[PDB]
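Hydrogens, waters and symmetry mates play no part in the numbers below; they use all other heavy atoms, side chains included. Numbered from 1 within each chain, the chains take letters A, B, ... in sequence-line order.
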Amino acid sequence: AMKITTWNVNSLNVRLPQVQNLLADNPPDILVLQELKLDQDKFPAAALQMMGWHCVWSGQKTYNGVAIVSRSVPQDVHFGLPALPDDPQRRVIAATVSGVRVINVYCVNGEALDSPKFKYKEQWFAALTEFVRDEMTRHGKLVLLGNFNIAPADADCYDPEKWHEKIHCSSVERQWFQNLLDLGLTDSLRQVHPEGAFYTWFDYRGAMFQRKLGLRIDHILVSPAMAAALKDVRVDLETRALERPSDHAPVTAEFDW
DNA sequence: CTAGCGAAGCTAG
Ligand SMILES: [Mg+2]
Ligand SMILES: [Mg+2]
């Protein structure tokens, strides 16, 4: 059995208490985090080790930041994308936990389709595809998860017409998401829940979480042997409902053999 | 609207 949660925390300094409450109550075997927004030396290692967790992370000042936190030791830790070796933004970290290759990604947002950050998003997703393919040549059990900043289909958008060919929802971005699906990966949530709105992000503005209008952009993609044992996927809107919350909700997947 | 940086108003999401 194995339980893995992904969360875009948006500043790990701010929401560290909520991370520790997440690791205290029905804790997962693996928790990965995006948007730490703290430098490499500022990670709260001691506070998480006190509770019995191993941590491998990649951080920079102010932006980005990824982390893997697990009960067992994360082995063979890789930083970044080989096809993009000069990108200073800390967005990818991979490690093998309990024989399962975890690839944690905080994907480029893109801002706008006419923004330079969208070209950056394009190249970054290409490099990600190459890295994930090469990693899949070596690991039967693989999970590529995190904040993809891409709503796969219209059912992942509270409103497909105003988001028509807008950032997160454009046909190009969905073709990138499909490029990662074509390597042999399964959208685990859509396997367990083929129908319905399972939004994972709600804009801070306009009380959009209260209106329950958001996007499903936080995903857990799994290899074939992982989908064979895939049993459940849930969006922790309760964490999203907390005071001073992240705009993303945690997402958990549950497997067993 | 929130968070960072840093002292105000951009950048980023
Ligand atoms: Mg955010
Ligand atoms: Mg459409």
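- Summarising the local packing, NZ of A:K212 is surrounded by more than 12 heavy atoms from other residues, nucleotides or ligands at distances under 6.0 Å.
- Electrostatic pairing of A:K3 and A:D232 does not count as a salt bridge here, judged by no charged N lying under 4.0 Å from a carboxylate O.
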Evaluation steps, side-chain contact (heavy atoms from CB on, under 4.5 Å), between A:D256 and A:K231: CA-CA 7 Å; A:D256 50 6; A:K231 144 198 207 180; 4.2 Å; yes
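- Annotation: B:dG6 and B:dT2 have their P atoms spaced 22 Å apart (nearest Å).
- The CD atom of A:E35 sits 13 Å away from the P atom of B:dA12 (whole-angstrom rounding).
- Salt bridge A:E111/A:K121: absent, no basic N to carboxylate O contact under 4.0 Å.
- Under 4.0 angstrom from either OP1 or OP2 of B:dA12 there lies no side-chain N or O belonging to A:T62.
- To the nearest angstrom, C1' of B:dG4 lies 12 Å from CD of A:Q60.
- Here B:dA12 presents its P atom at 5 Å from OH of A:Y63, a figure rounded to the nearest Å.
- As judged by a 4.0 angstrom heavy-atom cut-off over every strand, A:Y106 is placed among residues touching the sugar-phosphate backbone only.
- Take the nearest nucleotide of DNA chain B for A:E111 and for A:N13: the residue whose nucleotide is more 5' is A:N13.
- Residue A:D39 contributes atom CG, which lies 13 Å from atom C1' of B:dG4 at whole-angstrom precision.
- If you take CG of A:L36 and P of B:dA3, they are 15 Å apart, rounded to a whole angstrom.
- Put simply, A:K61 has no side-chain N or O that comes within less than 4.0 Å of OP1 or OP2 on B:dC5.
- Heavy-atom distances to DNA chain B give each of A:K117 and A:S246 a nearest nucleotide, and the one nearer the 5′ end belongs to A:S246.
- Taking 4.0 angstrom as the limit, A:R244 places a side-chain polar atom (N or O) nearer than this to OP1 or OP2 of B:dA3.
- If you take NZ of A:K37 and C1' of B:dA12, they are 7 Å apart, rounded to a whole angstrom.
- Remark: P of B:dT2 and CG of A:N109 are 18 Å apart, rounded to the nearest angstrom.
- Between the CG atom of A:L12 and the P atom of B:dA3 there is a distance of 13 Å, rounded to whole Å.
- Using a 4.0 Å cut-off, some side-chain N or O of A:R15 falls inside it from OP1 or OP2 of B:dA3.
- Annotation for A:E195: atom CD does not count as buried by contact number, only 12 or fewer foreign heavy atoms lying within 6.0 Å.
- Between the P atoms of B:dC1 and B:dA7, the separation comes to 25 Å (whole Å).
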